[PDB]
Structure formats: C-alpha cells, structure tokens
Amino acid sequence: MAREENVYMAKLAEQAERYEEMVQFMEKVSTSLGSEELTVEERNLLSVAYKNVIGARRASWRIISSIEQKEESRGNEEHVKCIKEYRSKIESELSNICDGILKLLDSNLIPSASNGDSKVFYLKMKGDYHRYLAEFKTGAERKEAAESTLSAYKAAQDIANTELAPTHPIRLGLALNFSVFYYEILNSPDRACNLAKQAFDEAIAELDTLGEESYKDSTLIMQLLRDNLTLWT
C-alpha cells in the first residue's frame, strides 16, 4: 500500500477550500513515514494546509481585537465582556493549531530532516508558529514564544547561509518572515529593514543565472521583501 491517495485527497481538500481536512490528510501522510522524508510537493501542501487553517483564526482575531478596542474606547463595558470571551475562544483555537504543527515539527519533521533545504524549511516553519503564538499570547507565554522564534529563525539562517544560494525561495522566505518578526514582534524597524534589504540585494547580485521557472519562484518572494521595504519607509 502506497497511500499517495492521502496526497490526492489533500489536493481535493485544497481545491474545495476545506483546509482542516487538507491538514488531516497531510498529517496522515506525515505520521506514516518510517525513515523517509516528505517530498517537496507534500511538505508544501502540509504548510499550505496549516497556513490556511491558522490564517482564518488570525484574520478573525484581528477583526475581534479591532472591535474590542473600538468598544472599550466608547465605555460599552457589556459589549467588551462579550468580545473578550469571543477573543479567548479564538485564542484556544490559535493555541491548539500552533501546538499540533509544533508537536509534529519537534517530534518528527525536524529531527528526521537530511538535506539543507529541508532543515531550513522546517526550522523556518517552527519560527512561523512560535511567531503566531506571540501575535496574541500575553506574558511569560509571549516571552517564551518570542525566544523560540529567534532561536529557530537563527538556527535556520546558519544552515541557509552555508547550504543554499541567496535566490533559493526557502532562503528568501526565511529572511522575509525573520524581517517581519523583528518589525511586528520585537518592534525593531531597523533590524527588519536591514535584514530584508540585505537578502534582496544579495539575491539581485546573483539573479539572472537560474532557469526561467526559478526566476518565477523567487521573484515572487523578492517582490514580498520589496513590498514590506516600501511599506516600512
């Protein structure tokens, strides 16, 4: 039995936009390996699955936080009691989604990675989910989220800057997320700007020496760095 039926189902889940189910499908593939690693196709699907499941909660959290602020500032105390209870239900889901993909990165995807690209990808992804904890967690939990994000992004960068070109979308993607961590979570606009510019310039420097479909892949991310650089200046 090769259940790459589980891969096909995840692809249908994706088409259907039923992302919780896309997660289950790609989780079944993941928890089914012995010594083998997720292919590129498979890890991307897993990551897209989780980005969409977490993304709906993050989008909901943002709108409920705005409404909370707007209402606290009109003294509507009764609204605020309600909005806050709603915000904490979203925070449980955020908290559980992050735990699921963190357990699977700590337990499985990270210890068993082989190539560089893989290691960076998964260490990057661990940083990503500690970052999402830090967007809404409060005290000790926020400090622990922020520390875990810095360690994972840094472990990913040491491996990236050795074992991958400056144009490799995974190296750019790390720089883009790490730049954002510095701006949104640590509140270092300088560190963020410098990190994005450095990885952009370093990628232009060695750009027109890759197959026409590579250019597509990483022009995409490089436009994301430039978009943020514009927004911040």
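Note that residue numbering follows the sequence shown and begins at 1.
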Quick one: higher average CA temperature factor, 101 to 109 or 126 to 134? 101 to 109
Comparing mean C-alpha B factor in the record for 135 to 143 and 157 to 165, the higher one is 157 to 165
Using only the C-alpha B-factors in the record, can you name which of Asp190, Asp201, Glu184, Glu42 has the highest? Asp201
Which third of the chain holds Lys197 when residues are ordered by C-alpha B factor: lowest, middle or highest? highest
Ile170, C-alpha B-factor rank within chain (lowest, middle or highest third): middle
Sorting the chain's CA B-factors, does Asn115 end up in the lowest, middle or highest third? highest
Would you check the entry's CA temperature factor for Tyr215 and let me know if it's in the chain's lowest, middle or highest third? highest
Considering only modelled residues of the same chain, in which third does the CA B-factor of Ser88 rank: lowest, middle or highest? middle
